[PDB]
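my_file_7.pdb (PDB, N, CA, C and O atoms)
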MODEL        1
ATOM      1  N   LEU A   1     147.786  -1.067  82.236
ATOM      2  CA  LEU A   1     146.336  -0.924  82.331
ATOM      3  C   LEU A   1     145.937   0.547  82.329
ATOM      4  O   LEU A   1     144.897   0.919  81.781
ATOM      5  N   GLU A   2     146.772   1.383  82.953
ATOM      6  CA  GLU A   2     146.521   2.819  82.935
ATOM      7  C   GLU A   2     146.570   3.371  81.516
ATOM      8  O   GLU A   2     145.765   4.240  81.160
ATOM      9  N   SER A   3     147.505   2.881  80.695
ATOM     10  CA  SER A   3     147.556   3.299  79.297
ATOM     11  C   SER A   3     146.287   2.896  78.555
ATOM     12  O   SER A   3     145.770   3.664  77.735
ATOM     13  N   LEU A   4     145.773   1.694  78.826
ATOM     14  CA  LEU A   4     144.523   1.266  78.204
ATOM     15  C   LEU A   4     143.356   2.147  78.638
ATOM     16  O   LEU A   4     142.499   2.501  77.817
ATOM     17  N   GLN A   5     143.303   2.510  79.923
ATOM     18  CA  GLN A   5     142.249   3.404  80.396
ATOM     19  C   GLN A   5     142.351   4.774  79.732
ATOM     20  O   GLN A   5     141.333   5.376  79.371
ATOM     21  N   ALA A   6     143.575   5.284  79.566
ATOM     22  CA  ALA A   6     143.759   6.567  78.894
ATOM     23  C   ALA A   6     143.328   6.497  77.432
ATOM     24  O   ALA A   6     142.722   7.441  76.910
ATOM     25  N   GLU A   7     143.642   5.392  76.752
ATOM     26  CA  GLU A   7     143.194   5.224  75.372
ATOM     27  C   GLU A   7     141.673   5.172  75.292
ATOM     28  O   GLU A   7     141.070   5.754  74.379
ATOM     29  N   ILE A   8     141.038   4.475  76.239
ATOM     30  CA  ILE A   8     139.580   4.439  76.281
ATOM     31  C   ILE A   8     139.018   5.837  76.503
ATOM     32  O   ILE A   8     138.005   6.208  75.901
ATOM     33  N   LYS A   9     139.660   6.634  77.358
ATOM     34  CA  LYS A   9     139.207   8.004  77.580
ATOM     35  C   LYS A   9     139.353   8.848  76.318
ATOM     36  O   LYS A   9     138.490   9.679  76.016
ATOM     37  N   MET A  10     140.447   8.660  75.577
ATOM     38  CA  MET A  10     140.633   9.392  74.325
ATOM     39  C   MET A  10     139.551   9.028  73.314
ATOM     40  O   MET A  10     138.985   9.905  72.643
ATOM     41  N   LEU A  11     139.247   7.733  73.197
ATOM     42  CA  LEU A  11     138.159   7.307  72.325
ATOM     43  C   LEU A  11     136.823   7.875  72.784
ATOM     44  O   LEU A  11     135.984   8.243  71.951
ATOM     45  N   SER A  12     136.605   7.955  74.099
ATOM     46  CA  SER A  12     135.375   8.543  74.620
ATOM     47  C   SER A  12     135.274  10.020  74.258
ATOM     48  O   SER A  12     134.188  10.512  73.931
ATOM     49  N   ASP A  13     136.392  10.745  74.324
ATOM     50  CA  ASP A  13     136.392  12.144  73.908
ATOM     51  C   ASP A  13     136.082  12.288  72.424
ATOM     52  O   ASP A  13     135.335  13.192  72.026
ATOM     53  N   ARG A  14     136.653  11.415  71.590
ATOM     54  CA  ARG A  14     136.330  11.439  70.165
ATOM     55  C   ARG A  14     134.844  11.179  69.934
ATOM     56  O   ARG A  14     134.204  11.848  69.111
ATOM     57  N   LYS A  15     134.278  10.211  70.659
ATOM     58  CA  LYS A  15     132.848   9.944  70.560
ATOM     59  C   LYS A  15     132.022  11.134  71.030
ATOM     60  O   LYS A  15     130.955  11.403  70.473
ATOM     61  N   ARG A  16     132.492  11.847  72.056
ATOM     62  CA  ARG A  16     131.796  13.049  72.504
ATOM     63  C   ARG A  16     131.791  14.114  71.416
ATOM     64  O   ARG A  16     130.772  14.776  71.185
ATOM     65  N   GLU A  17     132.927  14.290  70.738
ATOM     66  CA  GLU A  17     132.983  15.230  69.622
ATOM     67  C   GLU A  17     132.018  14.823  68.514
ATOM     68  O   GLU A  17     131.322  15.669  67.938
ATOM     69  N   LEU A  18     131.960  13.524  68.210
ATOM     70  CA  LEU A  18     131.032  13.041  67.190
ATOM     71  C   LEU A  18     129.585  13.303  67.592
ATOM     72  O   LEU A  18     128.765  13.710  66.760
ATOM     73  N   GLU A  19     129.251  13.062  68.862
ATOM     74  CA  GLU A  19     127.892  13.306  69.337
ATOM     75  C   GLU A  19     127.540  14.786  69.252
ATOM     76  O   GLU A  19     126.413  15.145  68.887
ATOM     77  N   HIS A  20     128.490  15.660  69.592
ATOM     78  CA  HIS A  20     128.252  17.096  69.471
ATOM     79  C   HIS A  20     128.009  17.493  68.021
ATOM     80  O   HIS A  20     127.104  18.290  67.734
ATOM     81  N   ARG A  21     128.803  16.949  67.095
ATOM     82  CA  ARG A  21     128.600  17.253  65.681
ATOM     83  C   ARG A  21     127.234  16.769  65.205
ATOM     84  O   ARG A  21     126.547  17.471  64.448
ATOM     85  N   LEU A  22     126.825  15.571  65.633
ATOM     86  CA  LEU A  22     125.509  15.058  65.264
ATOM     87  C   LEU A  22     124.393  15.935  65.817
ATOM     88  O   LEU A  22     123.406  16.194  65.117
ATOM     89  N   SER A  23     124.526  16.394  67.063
ATOM     90  CA  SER A  23     123.525  17.289  67.633
ATOM     91  C   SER A  23     123.455  18.597  66.856
ATOM     92  O   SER A  23     122.361  19.126  66.620
ATOM     93  N   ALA A  24     124.609  19.134  66.457
ATOM     94  CA  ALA A  24     124.618  20.359  65.664
ATOM     95  C   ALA A  24     123.915  20.159  64.327
ATOM     96  O   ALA A  24     123.125  21.011  63.895
ATOM     97  N   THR A  25     124.189  19.034  63.661
ATOM     98  CA  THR A  25     123.525  18.748  62.392
ATOM     99  C   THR A  25     122.020  18.616  62.583
ATOM    100  O   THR A  25     121.237  19.115  61.765
ATOM    101  N   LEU A  26     121.601  17.946  63.658
ATOM    102  CA  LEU A  26     120.176  17.800  63.938
ATOM    103  C   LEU A  26     119.527  19.159  64.157
ATOM    104  O   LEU A  26     118.432  19.426  63.648
ATOM    105  N   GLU A  27     120.195  20.040  64.906
ATOM    106  CA  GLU A  27     119.642  21.367  65.159
ATOM    107  C   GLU A  27     119.514  22.169  63.869
ATOM    108  O   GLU A  27     118.492  22.827  63.640
ATOM    109  N   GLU A  28     120.540  22.131  63.016
ATOM    110  CA  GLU A  28     120.477  22.881  61.764
ATOM    111  C   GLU A  28     119.375  22.351  60.853
ATOM    112  O   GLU A  28     118.604  23.131  60.273
ATOM    113  N   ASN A  29     119.280  21.027  60.718
ATOM    114  CA  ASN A  29     118.220  20.447  59.903
ATOM    115  C   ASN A  29     116.845  20.771  60.471
ATOM    116  O   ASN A  29     115.902  21.006  59.710
ATOM    117  N   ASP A  30     116.712  20.797  61.799
ATOM    118  CA  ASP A  30     115.440  21.165  62.410
ATOM    119  C   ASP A  30     115.098  22.624  62.153
ATOM    120  O   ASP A  30     113.923  22.958  61.986
ATOM    121  N   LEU A  31     116.098  23.505  62.134
ATOM    122  CA  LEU A  31     115.836  24.895  61.768
ATOM    123  C   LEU A  31     115.334  24.995  60.333
ATOM    124  O   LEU A  31     114.391  25.748  60.041
ATOM    125  N   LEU A  32     115.954  24.234  59.425
ATOM    126  CA  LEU A  32     115.469  24.190  58.048
ATOM    127  C   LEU A  32     114.031  23.688  57.994
ATOM    128  O   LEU A  32     113.196  24.239  57.264
ATOM    129  N   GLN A  33     113.724  22.647  58.771
ATOM    130  CA  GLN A  33     112.364  22.120  58.823
ATOM    131  C   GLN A  33     111.382  23.141  59.386
ATOM    132  O   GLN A  33     110.232  23.203  58.940
ATOM    133  N   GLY A  34     111.804  23.939  60.369
ATOM    134  CA  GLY A  34     110.931  24.977  60.895
ATOM    135  C   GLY A  34     110.626  26.050  59.869
ATOM    136  O   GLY A  34     109.481  26.503  59.746
ATOM    137  N   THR A  35     111.644  26.475  59.118
ATOM    138  CA  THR A  35     111.395  27.410  58.023
ATOM    139  C   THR A  35     110.459  26.803  56.981
ATOM    140  O   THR A  35     109.574  27.497  56.453
ATOM    141  N   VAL A  36     110.630  25.515  56.686
ATOM    142  CA  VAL A  36     109.742  24.837  55.746
ATOM    143  C   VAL A  36     108.314  24.814  56.280
ATOM    144  O   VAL A  36     107.352  24.957  55.521
ATOM    145  N   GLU A  37     108.151  24.622  57.590
ATOM    146  CA  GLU A  37     106.817  24.636  58.183
ATOM    147  C   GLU A  37     106.185  26.021  58.108
ATOM    148  O   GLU A  37     104.970  26.137  57.914
ATOM    149  N   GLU A  38     106.984  27.076  58.276
ATOM    150  CA  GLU A  38     106.454  28.425  58.085
ATOM    151  C   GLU A  38     105.985  28.627  56.648
ATOM    152  O   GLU A  38     104.903  29.189  56.404
ATOM    153  N   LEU A  39     106.782  28.160  55.684
ATOM    154  CA  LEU A  39     106.350  28.197  54.292
ATOM    155  C   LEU A  39     105.079  27.382  54.088
ATOM    156  O   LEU A  39     104.214  27.762  53.293
TER     157      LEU A  39
ATOM    158  N   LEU B   1     142.237  -0.387  89.389
ATOM    159  CA  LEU B   1     142.162  -0.426  87.933
ATOM    160  C   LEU B   1     140.928  -1.195  87.465
ATOM    161  O   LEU B   1     140.282  -0.811  86.490
ATOM    162  N   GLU B   2     140.610  -2.291  88.160
ATOM    163  CA  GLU B   2     139.433  -3.082  87.816
ATOM    164  C   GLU B   2     138.138  -2.311  88.021
ATOM    165  O   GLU B   2     137.154  -2.580  87.325
ATOM    166  N   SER B   3     138.116  -1.367  88.958
ATOM    167  CA  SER B   3     136.922  -0.577  89.214
ATOM    168  C   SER B   3     136.781   0.621  88.281
ATOM    169  O   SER B   3     135.669   1.140  88.129
ATOM    170  N   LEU B   4     137.868   1.060  87.644
ATOM    171  CA  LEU B   4     137.859   2.232  86.774
ATOM    172  C   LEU B   4     137.807   1.877  85.295
ATOM    173  O   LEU B   4     137.157   2.583  84.518
ATOM    174  N   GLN B   5     138.490   0.806  84.889
ATOM    175  CA  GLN B   5     138.503   0.425  83.481
ATOM    176  C   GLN B   5     137.111   0.025  83.010
ATOM    177  O   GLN B   5     136.679   0.406  81.916
ATOM    178  N   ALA B   6     136.388  -0.743  83.831
ATOM    179  CA  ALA B   6     135.030  -1.135  83.468
ATOM    180  C   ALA B   6     134.111   0.076  83.394
ATOM    181  O   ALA B   6     133.251   0.156  82.510
ATOM    182  N   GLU B   7     134.273   1.027  84.317
ATOM    183  CA  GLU B   7     133.473   2.246  84.271
ATOM    184  C   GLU B   7     133.754   3.047  83.006
ATOM    185  O   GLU B   7     132.826   3.555  82.369
ATOM    186  N   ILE B   8     135.027   3.170  82.627
ATOM    187  CA  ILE B   8     135.370   3.899  81.409
ATOM    188  C   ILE B   8     134.820   3.187  80.181
ATOM    189  O   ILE B   8     134.341   3.834  79.241
ATOM    190  N   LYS B   9     134.885   1.856  80.158
ATOM    191  CA  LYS B   9     134.329   1.108  79.034
ATOM    192  C   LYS B   9     132.817   1.285  78.948
ATOM    193  O   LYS B   9     132.267   1.436  77.853
ATOM    194  N   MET B  10     132.129   1.266  80.092
ATOM    195  CA  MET B  10     130.690   1.509  80.089
ATOM    196  C   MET B  10     130.369   2.933  79.655
ATOM    197  O   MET B  10     129.349   3.165  78.999
ATOM    198  N   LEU B  11     131.218   3.896  80.017
ATOM    199  CA  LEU B  11     131.033   5.263  79.543
ATOM    200  C   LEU B  11     131.190   5.341  78.031
ATOM    201  O   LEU B  11     130.430   6.044  77.357
ATOM    202  N   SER B  12     132.173   4.627  77.484
ATOM    203  CA  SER B  12     132.310   4.551  76.034
ATOM    204  C   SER B  12     131.095   3.886  75.397
ATOM    205  O   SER B  12     130.652   4.303  74.324
ATOM    206  N   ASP B  13     130.545   2.857  76.047
ATOM    207  CA  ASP B  13     129.342   2.204  75.537
ATOM    208  C   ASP B  13     128.149   3.154  75.545
ATOM    209  O   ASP B  13     127.328   3.134  74.624
ATOM    210  N   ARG B  14     128.028   3.981  76.582
ATOM    211  CA  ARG B  14     126.955   4.972  76.619
ATOM    212  C   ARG B  14     127.158   6.053  75.565
ATOM    213  O   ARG B  14     126.184   6.535  74.972
ATOM    214  N   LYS B  15     128.408   6.456  75.324
ATOM    215  CA  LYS B  15     128.689   7.380  74.229
ATOM    216  C   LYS B  15     128.299   6.766  72.892
ATOM    217  O   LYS B  15     127.745   7.449  72.026
ATOM    218  N   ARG B  16     128.577   5.475  72.713
ATOM    219  CA  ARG B  16     128.139   4.775  71.512
ATOM    220  C   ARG B  16     126.622   4.698  71.437
ATOM    221  O   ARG B  16     126.058   4.765  70.343
ATOM    222  N   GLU B  17     125.950   4.537  72.577
ATOM    223  CA  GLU B  17     124.491   4.543  72.585
ATOM    224  C   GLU B  17     123.953   5.887  72.117
ATOM    225  O   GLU B  17     123.029   5.945  71.295
ATOM    226  N   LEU B  18     124.532   6.978  72.625
ATOM    227  CA  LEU B  18     124.143   8.309  72.173
ATOM    228  C   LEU B  18     124.428   8.486  70.687
ATOM    229  O   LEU B  18     123.598   9.030  69.952
ATOM    230  N   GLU B  19     125.593   8.026  70.229
ATOM    231  CA  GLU B  19     125.944   8.152  68.818
ATOM    232  C   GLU B  19     124.974   7.372  67.944
ATOM    233  O   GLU B  19     124.510   7.871  66.916
ATOM    234  N   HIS B  20     124.640   6.146  68.352
ATOM    235  CA  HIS B  20     123.728   5.319  67.573
ATOM    236  C   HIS B  20     122.335   5.929  67.533
ATOM    237  O   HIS B  20     121.721   6.012  66.464
ATOM    238  N   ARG B  21     121.820   6.365  68.686
ATOM    239  CA  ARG B  21     120.486   6.954  68.716
ATOM    240  C   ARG B  21     120.432   8.239  67.898
ATOM    241  O   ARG B  21     119.493   8.449  67.125
ATOM    242  N   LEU B  22     121.439   9.105  68.038
ATOM    243  CA  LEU B  22     121.455  10.354  67.290
ATOM    244  C   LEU B  22     121.634  10.127  65.796
ATOM    245  O   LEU B  22     121.001  10.813  64.995
ATOM    246  N   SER B  23     122.487   9.181  65.397
ATOM    247  CA  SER B  23     122.648   8.887  63.979
ATOM    248  C   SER B  23     121.396   8.252  63.396
ATOM    249  O   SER B  23     121.040   8.529  62.245
ATOM    250  N   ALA B  24     120.720   7.393  64.160
ATOM    251  CA  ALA B  24     119.447   6.848  63.711
ATOM    252  C   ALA B  24     118.414   7.951  63.551
ATOM    253  O   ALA B  24     117.657   7.965  62.571
ATOM    254  N   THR B  25     118.371   8.887  64.501
ATOM    255  CA  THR B  25     117.483  10.033  64.370
ATOM    256  C   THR B  25     117.848  10.878  63.158
ATOM    257  O   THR B  25     116.959  11.386  62.477
ATOM    258  N   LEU B  26     119.140  11.033  62.871
ATOM    259  CA  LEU B  26     119.558  11.810  61.710
ATOM    260  C   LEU B  26     119.150  11.130  60.409
ATOM    261  O   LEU B  26     118.693  11.793  59.474
ATOM    262  N   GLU B  27     119.316   9.809  60.324
ATOM    263  CA  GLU B  27     118.898   9.084  59.125
ATOM    264  C   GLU B  27     117.385   9.134  58.952
ATOM    265  O   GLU B  27     116.884   9.342  57.838
ATOM    266  N   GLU B  28     116.639   8.943  60.041
ATOM    267  CA  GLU B  28     115.189   9.069  59.976
ATOM    268  C   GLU B  28     114.773  10.486  59.610
ATOM    269  O   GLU B  28     113.783  10.673  58.899
ATOM    270  N   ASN B  29     115.518  11.490  60.075
ATOM    271  CA  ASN B  29     115.222  12.867  59.712
ATOM    272  C   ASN B  29     115.556  13.139  58.256
ATOM    273  O   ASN B  29     114.899  13.960  57.620
ATOM    274  N   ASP B  30     116.565  12.463  57.709
ATOM    275  CA  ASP B  30     116.841  12.586  56.282
ATOM    276  C   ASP B  30     115.724  11.958  55.458
ATOM    277  O   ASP B  30     115.316  12.507  54.427
ATOM    278  N   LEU B  31     115.221  10.804  55.896
ATOM    279  CA  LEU B  31     114.069  10.208  55.225
ATOM    280  C   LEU B  31     112.846  11.113  55.333
ATOM    281  O   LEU B  31     112.115  11.316  54.351
ATOM    282  N   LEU B  32     112.613  11.675  56.519
ATOM    283  CA  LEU B  32     111.528  12.631  56.691
ATOM    284  C   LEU B  32     111.770  13.898  55.888
ATOM    285  O   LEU B  32     110.817  14.568  55.500
ATOM    286  N   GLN B  33     113.031  14.236  55.618
ATOM    287  CA  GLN B  33     113.335  15.377  54.765
ATOM    288  C   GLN B  33     113.031  15.066  53.311
ATOM    289  O   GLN B  33     112.599  15.948  52.571
ATOM    290  N   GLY B  34     113.246  13.822  52.887
ATOM    291  CA  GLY B  34     112.775  13.411  51.574
ATOM    292  C   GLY B  34     111.262  13.487  51.472
ATOM    293  O   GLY B  34     110.716  13.983  50.481
ATOM    294  N   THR B  35     110.567  13.013  52.508
ATOM    295  CA  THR B  35     109.113  13.143  52.542
ATOM    296  C   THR B  35     108.680  14.605  52.563
ATOM    297  O   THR B  35     107.686  14.969  51.929
ATOM    298  N   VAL B  36     109.411  15.457  53.282
ATOM    299  CA  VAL B  36     109.081  16.875  53.345
ATOM    300  C   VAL B  36     109.397  17.560  52.026
ATOM    301  O   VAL B  36     108.760  18.551  51.672
ATOM    302  N   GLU B  37     110.385  17.064  51.285
ATOM    303  CA  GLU B  37     110.617  17.565  49.937
ATOM    304  C   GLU B  37     109.495  17.145  49.005
ATOM    305  O   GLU B  37     109.113  17.905  48.110
ATOM    306  N   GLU B  38     108.953  15.943  49.203
ATOM    307  CA  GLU B  38     107.720  15.578  48.515
ATOM    308  C   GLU B  38     106.585  16.521  48.894
ATOM    309  O   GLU B  38     105.786  16.915  48.037
ATOM    310  N   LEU B  39     106.506  16.897  50.170
ATOM    311  CA  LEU B  39     105.519  17.879  50.604
ATOM    312  C   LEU B  39     105.769  19.245  49.973
ATOM    313  O   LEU B  39     104.820  19.977  49.687
TER     314      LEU B  39
ENDMDL
END
Starting from the file, lay out its structure as structure tokens.
Amino acid sequence: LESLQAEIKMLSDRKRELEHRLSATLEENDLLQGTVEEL
Amino acid sequence: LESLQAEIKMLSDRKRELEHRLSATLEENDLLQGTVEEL
């Protein structure tokens, strides 16, 4: 059961990395949108 | 183990909730980027 919990934690870390990447993409696209709004 | 495995699974579910909400926001932002390209 401990091995299963560790695997779940590893998957949670992978999901955290994915969420961070999505937040970074959102921030970059929002910066592009802000420049577009200035234009 | 019964008190920790369920917590870890719920944490993974919340990570999936964040991933789903952020990816939905990213797709909606891509659609809004198509609209902004029309603009």
Identify all chain A residues at most 6 Å from chain B by counting only C-alpha atoms; ligands do not count. Present them as a compact mmCIF listing (two decimals) with N, CA, C and O atoms, in the coordinates of the input.
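Output saved as iface22.txt:
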# COMPACT_ATOMS: atom_id res chain seq x y z
N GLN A 5 143.30 2.51 79.92
CA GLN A 5 142.25 3.40 80.40
C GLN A 5 142.35 4.77 79.73
O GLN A 5 141.33 5.38 79.37
N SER A 12 136.60 7.96 74.10
CA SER A 12 135.38 8.54 74.62
C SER A 12 135.27 10.02 74.26
O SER A 12 134.19 10.51 73.93
N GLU A 19 129.25 13.06 68.86
CA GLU A 19 127.89 13.31 69.34
C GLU A 19 127.54 14.79 69.25
O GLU A 19 126.41 15.14 68.89
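Of note, atom C of residue 27 in chain A and atom N of residue 10 in chain B are spaced 29.3 Å apart.
Going from atom N of residue 24 in chain B over to atom C of residue 38 in chain A, you cover 26.9 Å.
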Exercise on range 20-35 of chain A, axis-aligned box with 4 Å per side, report centre and edge lengths in Å to one decimal, as lines of an AutoDock Vina configuration file:
center_x = 119.1
center_y = 21.3
center_z = 63.0
size_x = 27.3
size_y = 20.4
size_z = 21.1
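Straight-line separation from atom O of residue 35 in chain A to atom N of residue 28 in chain B: 20.2 Å.
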